[PDB]
Structures are given as structure tokens and as C-alpha cells.
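Examining the three-dimensional arrangement
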Amino acid sequence: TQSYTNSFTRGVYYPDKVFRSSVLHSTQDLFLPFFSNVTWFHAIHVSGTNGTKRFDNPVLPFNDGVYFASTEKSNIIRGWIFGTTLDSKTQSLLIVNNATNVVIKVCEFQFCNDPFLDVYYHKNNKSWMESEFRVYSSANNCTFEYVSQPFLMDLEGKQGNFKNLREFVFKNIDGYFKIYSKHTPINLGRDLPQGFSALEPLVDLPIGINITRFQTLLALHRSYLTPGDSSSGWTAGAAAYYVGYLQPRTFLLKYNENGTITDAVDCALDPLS
Amino acid sequence: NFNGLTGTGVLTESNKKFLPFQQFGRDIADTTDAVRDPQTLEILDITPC
Amino acid sequence: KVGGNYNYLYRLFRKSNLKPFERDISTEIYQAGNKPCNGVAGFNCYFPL
Ligand SMILES: *[C@@H]1O[C@H](CO)[C@@H](O)[C@H](O)[C@H]1NC(C)=O
Ligand SMILES: *[C@@H]1O[C@H](CO)[C@@H](O)[C@H](O)[C@H]1NC(C)=O
Ligand SMILES: *[C@@H]1O[C@H](CO)[C@@H](O)[C@H](O)[C@H]1NC(C)=O
Ligand SMILES: *[C@@H]1O[C@H](CO)[C@@H](O)[C@H](O)[C@H]1NC(C)=O
Ligand SMILES: *[C@@H]1O[C@H](CO)[C@@H](O)[C@H](O)[C@H]1NC(C)=O
Ligand SMILES: *[C@@H]1O[C@H](CO)[C@@H](O)[C@H](O)[C@H]1NC(C)=O
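Residues numbered from 1 in each chain as written, not as in the entry; some residues may be left out. Chains lettered and ligands numbered in written order. Part of a larger assembly, values for the part shown. Heavy atoms only, no water. Residues with missing side-chain atoms left out of burial classes, pairs and counts.

This entry lists cryo-EM as its structure determination method and reports a resolution of 3.25 Å.

Glancing now at the UniProt feature "disulfide bond" in chain C. All names here are of chain C. At 2.0 Å between sulfur atoms, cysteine 37 and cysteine 45 form the disulfide that UniProt records. For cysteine 37, a relative accessible area of 12% corresponds to the buried category. According to the relative accessible area criterion, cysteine 45 is buried, its value standing at 8%. (Disulfide = S-S within 2.5 Å. UniProt positions renumbered as here; feature names shortened; annotations may be inferred. Buried < 20%, exposed > 50% of the residue type's maximum accessible area, 1.4 Å probe, protein only.)

Per the stated rule, a full pass over the model turns up 23 aromatic pairs over all chains. With 5.0 Å between their ring centres and 20° between their planes, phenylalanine 19 of chain A and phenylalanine 18 of chain B make a pair best called stacked. Of this pair, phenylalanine 19 of chain A sits in strand β2 (residues 18-19) while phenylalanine 18 of chain B sits in the loop between β1 (10-13) and β2 (24-25), each in a different chain. With respect to burial, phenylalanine 19 of chain A and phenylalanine 18 of chain B carry one shared label: buried. When the ring of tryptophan 80 of chain A is compared with that of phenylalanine 168 of chain A, the centres are 5.1 Å apart and the planes differ by 55°; the resulting orientation is tilted. Separated by 88 residues along the polypeptide, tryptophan 80 of chain A in strand β6 (residues 80-83) and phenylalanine 168 of chain A in strand β11 (residues 165-173) bring together distant segments of the chain. In this structure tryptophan 80 of chain A comes out as buried when scored by relative accessible area, which is 3%. What makes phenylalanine 168 of chain A buried here is its relative accessible area of 2%. Taken together, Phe41, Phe62, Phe68, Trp80, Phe82, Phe168, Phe170, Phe177, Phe214 and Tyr241 of chain A form an aromatic cluster joined through their ring pairs. Here the basic side chain of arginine 134 of chain A rests over the ring of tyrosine 136 of chain A, its NZ or CZ set 3.7 Å away from the ring centre. (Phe/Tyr/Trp six-rings, centres within 6.5 Å; stacked < 30°, edge-to-face > 60°. Helix = DSSP H or I, 4+ residues; strand = E, 2+ residues; numbered from the N terminus. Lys NZ or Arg CZ within 6 Å of the ring centre and 35° of its normal.)

All names here are of chain A. The environment of ligand 4 is formed by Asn256, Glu257 and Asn258. Side-chain polar atom of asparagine 258 to an oxygen atom of ligand 4: 2.4 Å apart, as the coordinates give it. Its free accessible area being 360 Å², ligand 4 has 28% of it covered by the protein chains. (Near = heavy atom within 4 Å. Polar contact = N/O pair within 3.5 Å; in protein donor to acceptor, adjacent residues only side chain to side chain. Areas by Shrake-Rupley, 256 points an atom, 1.4 Å probe, with all protein chains shown as cover.)

This is how it looks when you write it as C-alpha cells:
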């Protein structure tokens, strides 16, 4: 279960921490190229009576930072795990987002078997979900605990047709792990809206390890509204779980009179650009 | 002398909408024009003599 | 010490140069020959530390 789509003008953030207004700034950094293609991975739960395997948590290359977008009203997505081997021989991050906290632990966790999963996995009759996640086993030699405020909140969705698109970008430069984020309340029917909404800086950490793989700690205990298909290659579907890769591009940003970013032009897409 | 960045000029109350992660303000030619007070969360505008 | 100090270790063999401010603490036998370095120790298989 995987498809493709087009990311029109999404994935732009503030390069630095200096206020600017009514001016055009030319910058060069790791950005998401305009009109690039982004994959769709869908988490499908099949035959809740039975226990059919899902394979809903693929491992992705993480080549020079990644862009992430999710459109879910619930808190089904909970954290992302990074690392080069995800074994006991190497050190792996454990960014985990529970109800009101974020625990970041860089360590050499022995194993990450799987999230807890009920055999029925049915949420049409039951709704409560209490303390049913435990992924690791041991932690021998490590530091850098960062218990802090939750990164992603939950905006209220009312009257239907109102969902919040959550966008994140993670990068690693000279042993520093940078995370930017933005939660756009307005997407409506369009799967990936076309427009501009800059990402504000969120967190910078001194991790200092190599990262060549990552995946998600998706709580596969239950999941609704997850249609399935056998499509592959250049096809279409529905996933509500996006991902894309950054490249070292040069952009030209236009700053509004109020200090916000209104428009941007890529300097490597077309001859006219 | 705001947090180690010296200068010279008159300071006035400013009406620029900063952001929580933004402290300094610049312009063309890359010179400081607006500063955020360290002790109190206030925005000041610098004008030369 | 007069007898000798052995509590200080340093790595000599590894696949590639490490990026700035990055630390490697893995203790695995380096593949320094055509022989598959699956064993604990042997010729063409060096302890990096
Ligand atoms: C990228 O995605 C598009 C669909 O939007 C597809 O046609 C193309 O083959 C993909 N790969 C590229 C452009 O390398
Ligand atoms: C989230 O985790 C933190 C630390 O692990 C804990 O203190 C907090 O109580 C947790 N949240 C809830 C709602 O239990
Ligand atoms: C943790 O430290 C001990 C003692 O220094 C060492 O024996 C052990 O191998 C270390 N853990 C890992 C995963 O290397
Ligand atoms: C800047 O903010 C003011 C304050 O409400 C608003 O009236 C004005 O429309 C904003 N400017 C732009 C270009 O949106
Ligand atoms: C000390 O610094 C804090 C920073 O926010 C400020 O709120 C407070 O008023 C300062 N105290 C005095 C006595 O100036
Ligand atoms: C570990 O970090 C080094 C530092 O340059 C990098 O070359 C390597 O690709 C990373 N991953 C592995 C598996 O060695």
C-alpha cells in the first residue's frame, strides 16, 4: 500500500531568527523542491476478527533531513524513532509524544519489537485507550533526557470538513538535530493544499550521532477510516501519512510588511524561475 | 548595550510585530534597527543621531 | 603509573572519517582483509581500540 502525489508549494520555513519586512531575501539551504513528488504510506488494519499482518511501519532512508505531513483528527501518530541500525550496537533516538509530554532519549536501546496490539483491534464499540505502549527493553550507557512540553497539540475539529494538517521537518547538521513545525488548521477537502504557510523553528538539540534510518512509533492498537489497496508505483490512493526528502536548494523569499513570508520562488526549477 | 551588541542612537517605542523566537530586527545593508529589551519583553526602535 | 596505565583507549581502524562533533563507541572487529571477519579475532581482523 503506497502511492504518490505532488507537493505544490509546501515545506518552507524561516531560515534564521531575524525580523525582516517588505524585502526580498535570497537564501541557500536544505529545502523541499517545488512540485516534487511525495509518497503515501497507509496503515491498513485488515480482518479485525483475525490477526493478519499489516506491515504498516516501513523504515525510510532519511537522506539529509525529511519533511513530514499528517492529516488526522486523533492522536494516532505518536513520535518518530531514528537511528542507523535500531539495535543494541548503535545509538538511537526515541522521540515519543504522549498526552502532555515529550521524552527524548538518545541511547542504544537493545530492541524495538512492536507496539502493543489487541487481537480484535476494534474501536467502533470501545473508545478508551489507556497506557498500552512499551517498545524498548534496556538502556545501558546514555544521557540527554529532554522531558519537556508536547510538540504537537490537538486543535478542536467541529461541524466536520475541518481538519488540521500537521507539518514537520527534521534535519541533522554537524551533530545538531533541528526540528521545525507548523499546524495549519485549514485544509478542507484537498488532500495536500496548494499555497504558502511558513514553518516556525521548534527545537535544536546537541545529539551528535549519525542517522541513516527512521520510522514511526504508530500506535497500531486500533485504526479506523483506513481503506486498503494493492496499488504500487505511480498510482493514487489515500494515506494521511506523508513523507518527502530535502535537497540543498537556493530560494528567494518575499517578506510581507507585517514580517511574514508571503511568496517564494525556487531558483533551480525552470529557466524562467 | 543590549546583550553585548553596542551602538549609538536614540531609542523609541516601536510598533513592529515580532515573534517569540525573534529578538533582533535588521534591514538592507545588515544593520540593527529594532531590539527586544532583555529585562522586559518590549520592542524598541533605534534611530541614528 | 610506573607499571603502566591502560584505562585510556583510542580508535585506530574504522570504515570512514567521522563528521564533526560525532562520536562512535561501537566495539566490533574491523574487516581488514579478504577473510570474512566473522570470528572474534584473527589475522586480517583487527580490534579497532
Ligand atoms: C514523481 O512523481 C510524479 C507524479 O507526480 C511521477 O510522474 C514521476 O515519475 C515521479 N518521479 C520523478 C519525477 O522522478
Ligand atoms: C507523559 O509522560 C511523562 C513522562 O514520561 C509523564 O510524566 C506524564 O504523566 C505522561 N502523561 C500522562 C497523561 O500520563
Ligand atoms: C556500556 O559500558 C560498559 C562499560 O564501559 C561496556 O562494557 C558496554 O559494552 C557498554 N555498552 C555498549 C552497548 O557498548
Ligand atoms: C498586518 O496586521 C494588521 C493588524 O491587524 C492587519 O490589519 C494587516 O492587514 C496586516 N497586513 C497584511 C499584509 O496582512
Ligand atoms: C527579571 O527578568 C524577568 C525576565 O522576564 C522579568 O520579567 C522581571 O521583571 C525581572 N525582574 C526585575 C526586578 O527587573
Ligand atoms: C555513521 O557516521 C559516519 C560519519 O561520517 C557516516 O559516514 C556513516 O554513514 C554513518 N553510518 C554508518 C552505518 O556508519
